[PDB]
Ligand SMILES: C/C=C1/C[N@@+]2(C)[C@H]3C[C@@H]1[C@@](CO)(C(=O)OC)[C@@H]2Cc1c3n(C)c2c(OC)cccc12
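A lone chain, given as structure tokens: the form deposited without 12-methoxy-Nb-methylvoachalotine.
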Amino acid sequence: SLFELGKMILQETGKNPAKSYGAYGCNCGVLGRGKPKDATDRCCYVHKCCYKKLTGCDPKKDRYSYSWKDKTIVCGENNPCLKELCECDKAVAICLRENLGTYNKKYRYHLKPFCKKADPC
């Protein structure tokens, strides 16, 4: 759910997730994709495409288990959908941390109404 996802982004990046990524560019935040504005935004574009494989679980509401071991996110077994959900969330948290070097506050509440329509995943 958003709780695990938010916690992973905070563990990897050290940033408040909602403030930094709740509404960044064309893909981080409220729903839908759009052409990405930069590398951070493209992490979120990839994360929303990753959610498309899920069947039987809901990425916003469903909780799942994971732990922090040797400063690494480790998804627990869960069930098949929840395990895929946990790995989609872990990958976006890692990708946001890898791209913090180009993060641009000017994209923070970017105007989603103006985003180019996203290509198919």
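Shifts are known only where both forms have a C-alpha. The term rigid core refers to the maximal set of C-alpha atoms that superpose within 1.5 Å between the two forms. Numbering starts at 1 and follows the sequence shown.
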Report task. Can you let me know which of the two, 71 to 79 or 45 to 53, has the higher average C-alpha B-factor in the entry? Result -> 71 to 79
Query - Mean temperature factor over C-alpha atoms, higher-scoring stretch between 18 to 26 and 103 to 111 - result: 103 to 111
Report task. Using the temperature factors in the entry, find which of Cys88, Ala39, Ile94, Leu31 has the highest value at its Cα atom. Result -> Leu31
Query raised in the report: If you rank every modelled residue in this chain by C-alpha B factor, which third holds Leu5: lowest, middle or highest?
Result: middle
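Beyond the structure shown, there is the form solved in complex with 12-methoxy-Nb-methylvoachalotine, which is absent from this document and is the topic of what follows.
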Report task. Pop 12-methoxy-Nb-methylvoachalotine in from its pose in the entry with it bound with a site C-alpha superposition and tell me open or blocked, counting ligand atoms that come within 2.4 Å of any backbone or C-beta atom (3 or more means blocked). Result -> blocked
Query raised in the report: Would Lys90 count as touching 12-methoxy-Nb-methylvoachalotine in the entry with it bound under a 4.5 Å heavy atom rule?
Result: no
**Report entry** Partner contact for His47 in the entry with it bound: 12-methoxy-Nb-methylvoachalotine, 4.5 angstroms, heavy atom
**Finding:** yes
**Report entry** 12-methoxy-Nb-methylvoachalotine contact at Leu54 in the entry with it bound, heavy atom, 4.5 Å
**Finding:** yes
Query raised in the report: Just to confirm, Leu2 within 4.5 Å of 12-methoxy-Nb-methylvoachalotine in the entry with it bound by heavy atoms?
Result: yes
Report summary line: Those residues of 62 to 92 with a non-hydrogen atom no more than 4.5 Å from 12-methoxy-Nb-methylvoachalotine in the entry with it bound are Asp62, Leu85
Report summary line: Comparing between this form and the one not shown on the core: of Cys44, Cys57, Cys50, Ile73, the CA moving 2 angstroms or more sits at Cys57
Query raised in the report: After superposition on the rigid core, does the Cα atom of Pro113 shift by at least 2 Å between this form and the one not shown?
Result: yes
Requested in this report: Since the Cα separation of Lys61 and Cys81 moves by 3 Å or more in the entry with it bound, tell me which way: closer or farther than here.
Outcome: closer
Query raised in the report: Taking the rigid core as the frame, what runs of at least 3 residues have C-alpha moves of 2 Å or more between this form and the one not shown?
Result: 55 to 61, 111 to 114
